[PDB]
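# What the coordinates show
Here is what each chain is made of, one letter per residue.
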Amino acid sequence: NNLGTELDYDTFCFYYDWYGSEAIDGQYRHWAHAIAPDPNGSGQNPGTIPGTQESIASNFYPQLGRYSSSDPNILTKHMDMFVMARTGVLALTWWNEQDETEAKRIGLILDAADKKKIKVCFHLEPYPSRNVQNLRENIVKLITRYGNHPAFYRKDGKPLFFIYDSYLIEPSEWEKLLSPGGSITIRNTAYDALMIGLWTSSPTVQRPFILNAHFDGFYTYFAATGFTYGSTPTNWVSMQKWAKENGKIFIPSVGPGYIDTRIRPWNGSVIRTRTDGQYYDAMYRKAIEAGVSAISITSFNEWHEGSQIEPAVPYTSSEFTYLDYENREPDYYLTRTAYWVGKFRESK
Ligand SMILES: OC[C@H]1O[C@H](O[C@H]2[C@@H](O)[C@H](O)[C@@H](CO)O[C@@H]2O)[C@@H](O)[C@@H](O)[C@@H]1O
Ligand SMILES: OC[C@H]1O[C@H](O[C@@H]2C=CO[C@H](CO)[C@H]2O)[C@@H](O)[C@@H](O)[C@@H]1O
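Residues numbered from 1 in each chain as written, not as in the entry; some residues may be left out. Chains lettered and ligands numbered in written order. Heavy atoms only, no water. Residues with missing side-chain atoms left out of burial classes, pairs and counts.

Structure determination for this PDB entry is given in the record as X-ray crystallography, at a resolution of 1.18 Å.

## Topic: the overall build of the chain
Tallying secondary structure elements over the chain gives nine helices and 11 strands in all. Its C-alpha atoms give the chain a radius of gyration of 20 Å, near enough to 20 Å, the size a compact globule of 348 residues would have. Seen along its three principal axes, the alpha-carbon backbone of the chain occupies a region of about 60 × 45 × 40 Å. (Helix = DSSP H or I, 4+ residues; strand = E, 2+ residues; numbered from the N terminus. Rg over C-alpha atoms; globule rule 2.2 N^0.38 Å.)

## Focus on the pairing of strand β7 (residues 194-198)
Buried residues dominate β7, accounting for five of its five residues. Alternating positions in β7 separate into two faces, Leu-194, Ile-196 and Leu-198 on one and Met-195 and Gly-197 on the other, with burial throughout. Here strand β6 (residues 160-163) runs beside β7; their pairing, made up of four bridges, is parallel. The residue bridging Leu-160 from the neighbouring strand is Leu-194, located in β7. As for the winding sense of the linkage, the β-α-β connection from β6 through helix α5 (residues 171-178) to β7 is right-handed. The pairing of β7 with strand β8 (residues 217-219) spans three bridges and is parallel. (Buried < 20%, exposed > 50% of the residue type's maximum accessible area, 1.4 Å probe, protein only. Pairing = 2+ DSSP bridges. Right-handed = clockwise from strand over helix to strand, strands pointing away.)

## Thoughts on the pattern of salt bridges
Note that side chains of opposite charge can pair when their charged atoms are close. Tallied over the entire structure, the rule returns 13 salt bridges. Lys-348 is the salt-bridge partner of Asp-8, the closest N and O atoms lying 2.7 Å from each other. Judged by relative accessible area, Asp-8 falls into the buried class, the value being 0%. Where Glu-305 meets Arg-264, a salt bridge forms, and the shortest distance between an N and an O atom there is 2.9 Å. A residue pair is termed long-range when its members are at least 10 positions apart, and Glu-305 in the loop between β11 (295-297) and α9 (332-347) and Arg-264 in the loop between β10 (253-254) and α8 (278-289) qualify at 41 residues. One salt-bridge network, held together by shared partners, links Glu-6, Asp-8, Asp-10, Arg-345 and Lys-348. (Salt bridge = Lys/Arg side-chain N within 4 Å of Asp/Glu carboxyl O.)

## Re the side chain of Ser-299
For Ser-299, the position within the fold is in the loop between β11 and α9. In terms of polar contacts, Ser-299 uses its side chain to reach the backbone amide nitrogen of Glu-302, at 2.9 Å. Engagement of the side chain of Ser-299 in a polar contact is seen with the side chain of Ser-307, the distance being 2.8 Å. Apart from residues no more than four positions distant in its own chain, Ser-299 is found in contact with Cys-13, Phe-14, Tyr-16, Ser-307, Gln-308 and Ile-309. (Polar contact = N/O pair within 3.5 Å; in protein donor to acceptor, adjacent residues only side chain to side chain. Contact = heavy atoms within 4.5 Å.)

## Some details on the site of ligand 2
As a matter of local geometry, ligand 2 sits amid 13 residues, with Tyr-16, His-33, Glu-125, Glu-302 and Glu-305 nearest to it. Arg-264 places a side-chain nitrogen or oxygen 3.3 Å from an oxygen atom of ligand 2. Between ligand 2 and the protein, one listed contact pairs an oxygen atom with a side-chain N or O atom of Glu-302 at 2.6 Å. Within the complex, the protein chains bury 79% of what would otherwise be the 460 Å² of accessible surface of ligand 2. For the shell around ligand 2, the class distribution of residues is five nonpolar, four polar and four charged. (Near = heavy atom within 4 Å. Areas by Shrake-Rupley, 256 points an atom, 1.4 Å probe, with all protein chains shown as cover. Nonpolar A, V, L, I, M, F, W, Y, C, P; charged D, E, K, R; others polar.)

## Observations regarding the packing of aromatic side chains
In the structure shown here, the tally under the stated rule is 39 aromatic pairs. Ring geometry for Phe-82 versus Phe-300: centroids 4.9 Å apart, planes at 45°, classification tilted. Here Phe-82, found in helix α2 (residues 72-85), pairs with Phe-300, found in the loop between β11 and α9; they are 218 residues apart in sequence, far enough to count as distant. Both residues of the pair, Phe-82 and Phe-300, count as buried. (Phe/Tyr/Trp six-rings, centres within 6.5 Å; stacked < 30°, edge-to-face > 60°.)

## As for the site of ligand 1
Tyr-164, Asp-165, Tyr-167, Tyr-221, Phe-222, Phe-227, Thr-228, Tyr-258, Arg-264, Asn-267 and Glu-305 make up every residue found near ligand 1. One of the side-chain nitrogen or oxygen atoms of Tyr-164 is found 2.7 Å away from an oxygen atom of ligand 1. Protein chains bury 70% of the 500 Å² of accessible surface belonging to ligand 1 in isolation. Along the lines of polarity and charge, the residues of the shell around ligand 1 split into six nonpolar, two polar and three charged.

Listed below in structure tokens is the structure:
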């Protein structure tokens with residue numbers, strides 16, 4: 001078929017499975033969230049957002065309400081939203097919780113994804129004492145456990161992982177895992193993978209980091225333009241040229257906006273207004289114009305940071321007046337994602 005409705009498997013949408021309900025999880029996990037103290041005096045008592053119907057840890061309000069990430073009926077709905085958005089890859093946050101509830105949820109997500117031909121890759125988070133040895137062990141575990149699942153993502157035969165805050169690990173350690181000669185290499189093994197590191201700051205720092213660490217590519221994550229060098233879209237043409245010259249895969253991250261002031265009240269300078277979709281349009285256009293081979297979307301459902309494309313509805317409670325999609329309908333960001341996926345494919 002040539003309908004212009006099919007999923008794109010070079011489009012990765014960052015997905016968060018950390019939401020809970022009292023009924024399913026025993027707590028409204030993540031809808032309740034600590035308020036961060038301002039990093040710039042002592043004796044702050046910032047408190048917590050309680051995750052009641054009236055007061056959740058987002059400046060927006062989900063169409064699906066305070067949902068559980070373990071609810072198979074929510075997962076079905078999410079996969080139908082990925083189909084509407086044409087986003088073929090779900091990039092799943094992974095915190096190495098080592099608990100049965102995590103294992104269950106990952107299986108449910110893979111199963112629901114496969115029904116709609118969506119693929120799943122892992123976004124490896126900065127879990128406690130993360131290092132290249134336990135990363136290797138965990139890559140082995142994930143490939144062993146999930147590699148034969150029909151929804152497990154591969155690109156030209158290789159799994160792909162995004163590595164958040166990869167700068168927390170020195171290139172000399174990364175080399176041991178990712179150089180073909182590394183002491184604990186995954187290259188040429190059953191556990192080889194495309195490893196996509198986080199490009200943060202200026203080229204003088206990031207170019208040698210990426211080369212010396214032997215990453216296969218890099219992404220930028222942040223939905224807020226200008227937050228880092230890497231999340232400044234006017235740099236993307238030059239970042240892509242460097243990537244192509246050095247055999248690296250650049251996967252710029254685009255998002256519809258940013259606001260996290262319910263959980264970080266002091267972080268207002270990072271707010272990026274959605275402007276009825278114009279912000280998203282501008283950022284997505286820049287990624288496509290850079291001539292990249294793959295794009296990542298921040299985010300499907302990072303509700304705390306206001307980067308979500310998941311449908312949101314107007315809501316005013318006694319405790320908070322939420323933002324909403326304004327003149328646009330709740331599913332606008334899903335259908336606008338599909339529009340941009342089409343433009344990306346036309347360019348590929
Ligand atoms: O603006 C807040 C910011 O917090 C988090 O990012 C932190 C860290 O993980 C990043 O590597 C650096 C990059 O300079 O910034 C912070 O210290 C994320 O939650 C991010 O989405 C958010 O914007
Ligand atoms: O937004 C609150 C959230 O912040 C941290 O998680 C990061 C936020 C966004 O994306 C990256 C990459 O997926 C996450 O690592 C962390 O402090 C969470 O506990 C917190 O809920």
